[PDB]
Amino acid sequence: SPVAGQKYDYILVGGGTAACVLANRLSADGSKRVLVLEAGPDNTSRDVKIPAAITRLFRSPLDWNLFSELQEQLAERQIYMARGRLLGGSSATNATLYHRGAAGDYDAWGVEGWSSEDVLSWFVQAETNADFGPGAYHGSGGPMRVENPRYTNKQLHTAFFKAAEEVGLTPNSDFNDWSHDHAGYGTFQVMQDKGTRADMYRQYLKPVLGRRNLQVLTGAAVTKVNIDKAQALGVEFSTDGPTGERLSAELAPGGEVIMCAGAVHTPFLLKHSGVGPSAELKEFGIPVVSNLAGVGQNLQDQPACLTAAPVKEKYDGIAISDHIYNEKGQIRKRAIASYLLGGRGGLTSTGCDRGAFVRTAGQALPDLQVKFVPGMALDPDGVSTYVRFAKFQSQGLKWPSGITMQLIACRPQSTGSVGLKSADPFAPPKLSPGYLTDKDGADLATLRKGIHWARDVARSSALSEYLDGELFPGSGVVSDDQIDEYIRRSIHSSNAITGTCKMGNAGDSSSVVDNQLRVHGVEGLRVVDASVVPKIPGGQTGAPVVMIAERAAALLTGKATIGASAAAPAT
Ligand SMILES: Cc1cc2nc3c(=O)[nH]c(=O)nc-3n(C[C@H](O)[C@H](O)[C@H](O)COP(=O)(O)OP(=O)(O)OC[C@H]3O[C@@H](n4cnc5c(N)ncnc54)[C@H](O)[C@@H]3O)c2cc1C
Ligand SMILES: CCCCCCCCCCCCCCCCCC(=O)O
Ligand SMILES: CCCCCCCCCCCCCCCCCC(=O)O
């Protein structure tokens, strides 16, 4: 009905992080008709704009509310896996931390044309940074906004740095500078513009909505790619939920469908389109279009656990929870005034503004990320405690002052899968994160050694000054066996999720897309989102997705090629 009689050069499945970048770049010269189909609503919520309102976005109508299959290895629990559902996708609901990982993460992909030297200029092209000018590792002029965090905690932020130094960690002045080793303690930069969330709807899509050649439809749930050698024709979707008419957006000749539904929903939709392992498609009577073993395999997510400690009575009031709420759960006037005048103070924080990367055991690259939060978790599940914090408003109760360190296996060895639990394209996917399944027990060992490292930091004189014991995991949890059980019972997502449509070299049989991001076995179909990441980089995955989308757009528009290897000579 909104697509009746129209033909599109590009159809983007999803209106999230990658899709916003692509919609901007592919509509720029005016020559191409671009359609965006997003299942969620428009990006208008105040809870998206204010960073500290991330607490309110978990388990909300702006989230997919996805739960994993029962995980036998995690005390038989379903794990919540947050995912944004609106224009800007997870960039609209994330913690805003700006991380690229290390040069070695991209070299470890081993994919032709996607070395660290190849991807660096695409990170730089996306970027405008308030604290780093143009240089080898930073750009100025690109649509993203990055800045140093605008919340300062007078006592706890430098206490964390001093404690990390007391345990023998060195400072890292810029976690995105590839001329330094990745390990160390330091500030985490944020995807914010003077304390306002700088999501990719705000930075890339919203500014170009006036373009006549760009059509964005919200409340548009894609059901499958229409495929006719298999050739993408366009995409089926409903604007009225499960009961709605199935509409079809049609490609113009030479048009492509670009999958941008993310690492959960892209492999899910491909399987619904007949692209995936033939056994999984036959199970639900889906005709096999491209028998592609890797679709929904290689799910990589960074699992997390935490330690938390209360401050001494004399330091009551020094935590970010005290800067946001008063003793009755009322949002503090100082926080509101600082946010609106100046774009500073506790509402500019998603909780962590600094942390560390750490080698627990002599690895080539850090296996552990540490997020320092100058507030105390009341649950060993950090995501649960954020939901508690949002619900705490106006309850007439005092949130106890303290600190938290979240421990993340940032380069995990475990993998999971995404598949189908039914033939209905409106049903949730069959989601298995696979945390702690790697054969050596490396991910469990990382998080166990993480807890020991967080304990050493909390015991150090610089932080010890403020603290009065330990809440989580607490006094009862000391032996390796007690720590491992705490981790199995409390492990939660740090919200990465990559690799389910993995890019690979010619000859890599686990590949779903080639180095041109083309889906094997289908013409005119590409994936441009976190699905394609071959091996997860250390740190949060949003900046890498924008880099991939920026480079994909340049390839599609003819401004760049990927893979510059000299042809072997004629003999
Ligand atoms: C809670 C949370 C915290 C995070 N913290 C950080 C962090 O601090 N820093 C950072 O860099 N990264 C962070 N990340 C990760 C980062 O946000 C993601 O890796 C990145 O945004 C993914 O981009 P994408 O384009 O692959 O997918 P998304 O941005 O998730 O976009 C996919 C889009 O597809 C839509 N969609 C799904 N199915 C359909 C359908 N059938 N039809 C139509 N549309 C559909 C979704 O609604 C969504 O809008 C976080 C993630 C979350 C969820
Ligand atoms: C508990 C989690 C934090 C909640 C934050 C909500 C703040 C509500 C107080 C009133 C906000 C007034 C300022 C309005 C700003 C709206 C967003 C923006 O335009 O940047
Ligand atoms: C915005 C302020 C919130 C204050 C909450 C109190 C402190 C709790 C810290 C929880 C520790 C782990 C952090 C969980 C982070 C959830 C979001 C994310 O995954 O980045």
Side-chain angles (χ1 to χ4, degrees), residues 39 58-60 63-85 90 93 221 223 242 261-273 275-286 292-305 379-384 387 408-409 412-439 441-444 447 484-502 510 512 529-531 533 536 541:
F58 292 114
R59 295 291 282 110
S60 84
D63 190 79
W64 284 89
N65 297 100
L66 295 167
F67 286 82
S68 74
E69 299 306 293
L70 284 159
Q71 300 295 106
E72 147 267 316
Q73 79 286 6
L74 314 176
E76 311 181 3
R77 301 191 289 124
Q78 294 188 267
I79 305 297
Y80 176 48
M81 299 177 81
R83 283 295 98 170
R85 186 180 187 275
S90 297
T93 65
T223 52
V264 172
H265 286 110
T266 286
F268 171 84
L269 290 170
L270 282 175
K271 289 178 185 190
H272 275 287
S273 310
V275 179
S278 64
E280 293 186 28
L281 314 195
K282 285 170 177 179
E283 179 175 11
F284 295 110
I286 296 148
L292 230 202
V295 181
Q297 297 292 113
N298 188 49
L299 190 157
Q300 301 190 289
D301 189 24
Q302 303 167 339
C305 65
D379 306 87
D381 184 320
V383 175
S384 297
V387 175
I408 301 159
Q413 298 195 30
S414 304
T415 58
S417 58
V418 192
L420 306 191
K421 217 160 39 185
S422 113
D424 174 6
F426 293 95
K430 185 170 65 178
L431 193 49
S432 192
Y435 300 141
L436 275 22
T437 57
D438 72 276
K439 62 177 219 300
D443 298 342
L444 178 54
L447 298 180
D484 290 357
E485 195 56 32
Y486 171 75
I487 294 165
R488 291 185 158 98
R489 291 184 179 203
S490 63
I491 186 155
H492 46 281
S493 183
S494 71
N495 306 301
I497 317 182
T498 65
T500 52
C501 298
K502 102 149 189 211
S510 66
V512 173
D529 63 30
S531 304
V533 170
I536 195 168
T541 53

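Quick note: numbers below take in every heavy atom, side chains included, and nothing from hydrogens, waters or symmetry partners. One-based numbering along the sequence shown.
The CG atom of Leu74 sits 11.0 Å away from the CD1 atom of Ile487 when rounded to the nearest 0.5 Å. One distance of note links OG1 of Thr500 with CG of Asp301; it measures 11.0 Å at 0.5 Å rounding. Taken from CD1 in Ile408 to OG in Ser494, the straight-line distance is 4.5 Å, to the nearest 0.5 Å. Residue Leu299 holds its CG atom at 7.0 Å from OG1 of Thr498, rounded to the nearest 0.5 Å. Atom SG of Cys305 is separated from atom CZ of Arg489 by 15.0 Å, given to the nearest 0.5 angstrom. Considering CG of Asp438 and CD of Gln413, their distance stands at 5.0 Å, rounded to 0.5 Å.
Smallest separation of non-hydrogen atoms from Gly262 and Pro267: O-CD, 3.7 Å. Looking at every heavy atom in both residues, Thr266 comes nearest to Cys501 through CG2-SG, 3.7 Å. Closest approach of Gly84 to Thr93, counting heavy atoms only: CA-OG1, 3.4 Å. Annotation for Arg83 and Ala496: closest pair NH2-O, 2.9 Å, computed over non-hydrogen atoms. The shortest non-hydrogen separation linking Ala75 to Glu485 is CB-OE2, 4.5 Å. In plain terms, the two heavy atoms of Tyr80 and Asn65 that are nearest each other are CE1-CA, 4.1 Å.
In this structure, the side chains of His272 and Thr223 stay at 4.5 Å or more apart for every pair of heavy atoms. Counting heavy atoms from C-beta outward, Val295 and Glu280 have side chains that stay 4.5 Å or more apart. Looking at heavy atoms from C-beta onward, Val264 lies in side-chain contact with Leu66 at the 4.5 angstrom threshold. With a 4.5 Å cut-off on side-chain heavy atoms, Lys271 and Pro277 count as touching. Side-chain contact between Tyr435 and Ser493 is present, with at least one heavy-atom pair separated by less than 4.5 Å. By the 4.5 Å heavy-atom criterion applied to side chains, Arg85 and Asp63 are not counted as neighbours. Looking at heavy atoms from C-beta onward, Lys502 lies in side-chain contact with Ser510 at the 4.5 angstrom threshold.
Side-chain N or O atoms of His492 include one that pairs as donor or acceptor with a backbone N or O of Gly382 at under 3.5 Å. Remark: side-chain polar atoms of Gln78 are not paired, donor with acceptor, to backbone N or O of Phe67 under 3.5 angstrom.
In this structure, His265 and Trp64 have tilted ring planes: the angle between them lies in the 30° to 60° band.
For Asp443, the side-chain hydrogen bond (donor to acceptor under 3.5 Å, both in side chains) partners are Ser414, not counting sequence neighbours. In this structure, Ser68 has no side-chain hydrogen bond (donor to acceptor under 3.5 Å, both in side chains) partners at least two apart in sequence or on a different chain.
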Taking distance alone, no hydrogens or angles, what donor-acceptor pairs closer than 3.5 Å link side-chain atoms of residues 419-432 to residues at least two apart or in another chain?
unit_1: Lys421; atom_1: NZ; unit_2: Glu69; atom_2: OE2; d: 3.0
unit_1: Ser422; atom_1: OG; unit_2: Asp424; atom_2: N; d: 3.0
unit_1: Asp424; atom_1: OD1; unit_2: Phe426; atom_2: N; d: 2.9
unit_1: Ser432; atom_1: OG; unit_2: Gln71; atom_2: OE1; d: 3.0

